[PDB]
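**Student:** one piece of my complex first, more on the way:
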Amino acid sequence: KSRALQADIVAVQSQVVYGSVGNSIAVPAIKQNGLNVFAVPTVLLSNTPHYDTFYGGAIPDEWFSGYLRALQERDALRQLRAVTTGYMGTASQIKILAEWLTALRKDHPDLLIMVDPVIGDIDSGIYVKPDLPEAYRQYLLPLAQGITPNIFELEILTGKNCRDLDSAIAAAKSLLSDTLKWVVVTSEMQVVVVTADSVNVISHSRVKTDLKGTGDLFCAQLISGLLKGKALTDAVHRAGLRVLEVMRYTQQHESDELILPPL
């Protein structure tokens, strides 16, 4: 009874008509690892707000709710192996998103969910809808099987520890459970992998640049190796090396926007 398109992933996040970020850099990343995917956009702008202008807004909680729901009526989740979340637009979309996911596993009990808590940074955090960090903790976390937060996106989520690598691992540890299997804490110059029992600390050297999307690149390359048979740490180390690569090529290319080189 299957003749409708099918896909591995159902990545839900930001989409730009200009710039490398959100599904506008992740989908191409995915496709390269030989994988099908569906991009359900949360917001739909012109460019990145951090630019100088930027137009467009967020997809309404009635359209965006239809999209996901559509992928189920169309029956294209026959080969679904994962769902990933990125830049959100409203804590209501996040609630919506959850309800959808929650119904999912009852058919895809082996579903992989991967959330990226897009909320803060060093300059200043919560540079997003203030309501998002609550929606994250109350709704979209009790499902994640492995999240990729950073030192500050982790402080907000746990209401816990700070700048001590240990304090961090602790806080991460306090997050694991039956559903959450792992956690990739960042601050990418130092990346700690905290498994349900074990700890790995990968570390490379990052260059200076205001390019946005690496997070989306990284995460993308991460679900790729994981949905391809790579071990956790092994997988991470690759999605991370890849992003350092990607960044060189655009610096070499002299372009304030990411550029997906070959495979």
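**Tutor:** In hand now; what should we look at? Residues are numbered from 1 along each chain as shown, chains lettered A, B, ... in the order given.

**Student:** which residues does the nearest residue to residue A:28 once chain neighbours are set aside contact?
**Tutor:** Nearest non-adjacent residue to residue A:28, counting by C-beta to C-beta, 6 or more residues apart in numbering: residue A:260, 4.8 Å away. (C-beta placed from N, C-alpha, C; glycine too.) Listed by C-beta atoms under 8 Å, 6 or more residues apart in numbering, the contact set of residue A:260 reads A:20, A:25, A:28, A:29, A:32, A:246.

**Student:** Tell me, how many residues neighbour the fifth one?
**Tutor:** Translated: residue A:32. 16 (other C-beta atoms under 10 Å).

**Student:** just the first one next, same as before
**Tutor:** The tally of other residues near residue A:20 (other C-beta under 10 Å) stands at 25.

**Student:** Just want to check the distance between the nearest residue to it once chain neighbours are set aside and residue A:212.
**Tutor:** Spatial nearest neighbour of residue A:20, excluding adjacent residues (C-beta to C-beta, 6+ apart): residue A:258 at 3.2 Å. Residue A:258 is 8 Å from residue A:212, where distance means C-beta to C-beta, to the nearest Å.

**Student:** out of the two, which sits in the busier spot?
**Tutor:** Using other C-beta under 10 Å as the criterion, residue A:258 and residue A:212 rank with residue A:258 on top: 25 against 19.

**Student:** Please name the residues that touch the more buried one.
**Tutor:** Applying C-beta under 8 Å, 6+ apart to residue A:258 gives the contacts A:20, A:21, A:25, A:211, A:213, A:214, A:217, A:246, A:247, A:250.

**Student:** quick one: the strands in chain A?
**Tutor:** For chain A, the strands defined by DSSP state E occupy A:15-16, A:43-45, A:56-58, A:82-85, A:112-115, A:146-147, A:182-186, A:191-195, A:198-202.

**Student:** which one of those is the most hemmed in?
**Tutor:** Neighbour counts (mean count of other C-beta atoms under 10 Å) averaged over each of those peak at strand A:82-85, with a mean of 25.

**Student:** Off-centre distance for it?
**Tutor:** In terms of C-alpha atoms, centre = their mean, to the nearest Å, the centre of strand A:82-85 is set 7 Å apart from its chain centre.

**Student:** Mind giving me the packing neighbours of it?
**Tutor:** Here strand A:82-85 touches helix A:91-104, strand A:112-115, helix A:214-226, going by 3 or more C-beta pairs under 8 Å, 6 or more residues apart in numbering; DSSP states H and E.

**Student:** Which positions in stretch A:45-64 come out as buried?
**Tutor:** Buried residues in stretch A:45-64, counted by 16 or more other C-beta atoms under 10 Å: A:45, A:47, A:48, A:58, A:59, A:64.

**Student:** I'd assumed residue A:20 was in contact with the second one.
**Tutor:** Read that as residue A:47. No: if you go by C-beta atoms under 8 Å, residue A:47 and residue A:20 don't touch, sitting 10.7 Å apart.

**Student:** Drop chain B onto that structure:
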Amino acid sequence: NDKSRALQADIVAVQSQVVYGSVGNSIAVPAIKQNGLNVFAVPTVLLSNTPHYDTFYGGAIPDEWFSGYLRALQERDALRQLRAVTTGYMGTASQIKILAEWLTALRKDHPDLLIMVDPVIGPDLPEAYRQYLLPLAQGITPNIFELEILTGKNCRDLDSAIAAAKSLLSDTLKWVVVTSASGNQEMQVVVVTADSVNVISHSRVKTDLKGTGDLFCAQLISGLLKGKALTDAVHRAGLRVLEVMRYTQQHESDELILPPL
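**Tutor:** Below, chain B sits with the chains from the block before:
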């Protein structure tokens, strides 16, 4: 002029975009991309899938968004390499006015800009094109139903339809590619440039697969920015559409599926 450290592209395709599916940019951008051509696609509507299904969600982009989007590309300075711009299924009519305006602007720094326009019609849509868009296109691809309403003329033969195309050429509008499916169905196409008339035909399969045109166009343009002579290009892109459909036929897909280049 100093180098532009921003993203660039040859086309600025403008039409629909479906989360699930193969219509509009959702199939254009890929088709384009295959011929090794960069492109900025500007949405017009954002629907779950195409309306011709049991169910579909979404609507049409806010004028303001739809505008800022356009204005954007420029404030970002990512058009130095542009050469074309192609319309597609439009949500409103105001959009066209705006899309026009913008074009009007662009057309001042890019005198060699080829504007292709598909009269995706089948309420107010007629006029907006007549008044705002039509007067700008350097080429268009309406079918019989589309050429009839866009000229207000009727035409059930070569001469008739032809004269119509002729009755739309000018100092800006250069050619007029018309198409029809006679029925199963045939491809029946006619290339009505001002100084000549070509008519290419093909035998096509029987399907409910949409997007063939968006693709065809998507391809047509590509082959055109590659210095391929019109008529020649028109054929190829026609051929392309069939090839891809066969490919999809085999895989038995209810949506289109791009093979290799």
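
**Student:** With chain B now part of the structure, what is the answer for the neighbour count of residue A:20?
**Tutor:** When counting by other C-beta atoms under 10 Å in any protein chain shown, one arrives at 26 neighbours for residue A:20.

**Student:** was I right about it contacting residue A:213?
**Tutor:** Yes: if you go by C-beta under 8 Å, residue A:20 and residue A:213 touch, sitting 4.4 Å apart.

**Student:** shared neighbours of those two, which are they?
**Tutor:** Common contacts of residue A:20 and residue A:213, defined by C-beta atoms under 8 Å, 6 or more residues apart in numbering or on different chains, comprise A:257, A:258.

**Student:** Near chain B, which residues of the stretch 101-250 of chain A? Just list them.
**Tutor:** For the stretch 101-250 of chain A, no residues are found near chain B under the criterion C-beta under 8 Å from any C-beta of the partner chain.

**Student:** Where does the stretch 101-250 of chain A get nearest to chain B, which residue?
**Tutor:** Closest contact between the stretch 101-250 of chain A and chain B, by C-beta to the nearest C-beta, is at residue A:250 (10.1 Å).

**Student:** quick one: contacts for the closest residue in space to residue A:218 that isn't next to it in sequence?
**Tutor:** In space, and not counting its chain neighbours, residue A:218 is closest to residue A:243: 4.7 Å by C-beta to C-beta, 6 or more residues apart in numbering or on different chains. For residue A:243, the contact set (C-beta under 8 Å, 6+ apart) comprises A:188, A:214, A:217, A:218, A:221.

**Student:** Among those residues, which one sits closest to residue A:112?
**Tutor:** Distance to residue A:112 across these (C-beta to C-beta) is lowest for residue A:221, with 14.9 Å.

**Student:** wait, isn't that closest one in contact with residue A:244?
**Tutor:** No: here residue A:221 does not reach residue A:244: they are 10.9 Å apart, not a contact under C-beta under 8 Å.

**Student:** Settle it for me: which of those two has more neighbours?
**Tutor:** Ranked by neighbour count (other C-beta under 10 Å), residue A:221 and residue A:244 place residue A:221 first, with 25 against 16.

**Student:** List the contacts of the closest residue to residue A:235 other than its chain neighbours.
**Tutor:** In space, and not counting its chain neighbours, residue A:235 is closest to residue A:225: 3.7 Å by C-beta to C-beta, 6+ apart. With contact set as C-beta under 8 Å, 6+ apart, residue A:225 has these partners: A:33, A:234, A:235, A:238, A:239.

**Student:** Try it again at 7 Å.
**Tutor:** Each residue near residue A:225 by C-beta atoms under 7 Å, 6 or more residues apart in numbering or on different chains is listed here: A:235, A:238, A:239.

**Student:** By neighbour count, which of these wins?
**Tutor:** residue A:239 (23 neighbours).

**Student:** Grab the nearest non-local neighbour of that one.
**Tutor:** Excluding the flanking residues, the one nearest residue A:239 by C-beta to C-beta, 6+ apart is residue A:221, at 3.3 Å.

**Student:** ok, so what distance separates residue A:144 from residue A:137?
**Tutor:** From residue A:144 to residue A:137 the distance is 11 Å (C-beta to C-beta).
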